[PDB]
Every structure is written in C-alpha cells, then in structure tokens.
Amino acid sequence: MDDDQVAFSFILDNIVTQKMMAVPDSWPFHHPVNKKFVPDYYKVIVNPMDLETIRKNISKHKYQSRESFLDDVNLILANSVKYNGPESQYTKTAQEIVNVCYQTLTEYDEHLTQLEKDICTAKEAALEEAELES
C-alpha cells in the first residue's frame, strides 16, 4: 500500500488505456477472446492474455517493475503469432501494441527507474523495520 507502488501502477494503467488501447484496430485485444467467434481459441492457447487482464493485474499491483509487465504484453503478441500466424492482421496489430508500449516506457524511462528503485527500497525498509521490533 506504499505511494511509490500506487504511482507506478497508475503510470502502467495510463500507458495501457491512453497509448496501447489507442492503437488503430486494437479493440479485439482490449478484452479476453469471446469463445463464440473463436471456438478453438482456448485449445490452441494455453496461457491467454489481453489488455483487460493486464489492467486487473495493475489494480492488484502484480507489477513491481516494468519487466513482469513486459512479460504479459509480450505474451499477447506471442499468442497472436501462434493462433493467427505471422502474416495475420491480428499479429501486425499485436506487434503495434508492443511497439507503442516499449516506446512509452522509453519516453518515461527515468521516472519509472526512480519508482522501481523506490519500490525496492520500501520493501527493504519494511523488512529492517520487522527486525528492529525484537
């Protein structure tokens, strides 16, 4: 419940909604696949991912650094490559979602590094506090 984790999560939620979800024709990736339009989806894809699941994860503060966040963004691209193939319009769009995500992280690199560094410090400060109690 530290202010650095709250600020970091807030930044990630903003990148998702304001930049990634704003990618033209990205709407099929904004929510989990609807099994009606794609009956064999969950047979083919073992680990499904979408922009809504990521926002729910951000809300639960799953991501303490941009790397675990990147693992879930990259899983969206790899799922599209497997299910629709590399030539698919769905994969080209998934790739564009990934490119804008990396671009926004690059643009906010110093802010994010500082927050990641502060989240790390708060966790270490919490453990030394639980040792001074005796």
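One rule holds for the numbers: they count along the sequence shown, beginning at 1. Here the rigid core means the biggest group of C-alpha atoms that line up within 1.5 Å when the two forms are laid on top of each other.
- The stretch that moves more in 9 other deposited structures of this protein, judged by CA deviation after a rigid core superposition and choosing between 36-44 and 92-100, is 36-44.
- Take 27-35 and 64-72, fit the other structures onto the shown form by the rigid core, and average the C-alpha distances in 9 other deposited structures of this protein: the farther stretch is 27-35.
- Look at the C-alpha B-factors of 40-48 and of 70-78. On average they run higher in 40-48.
- Averaged over Cα atoms, the B-factor as recorded in the entry is higher for 31-39 than for the other of 90-98 and 31-39.
- The PDB entry assigns its highest CA temperature factor, among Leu112, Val23, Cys120, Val16, to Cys120.
- If you compare the C-alpha temperature factors of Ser65, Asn84, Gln103, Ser59 in the entry, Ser59 comes out highest.
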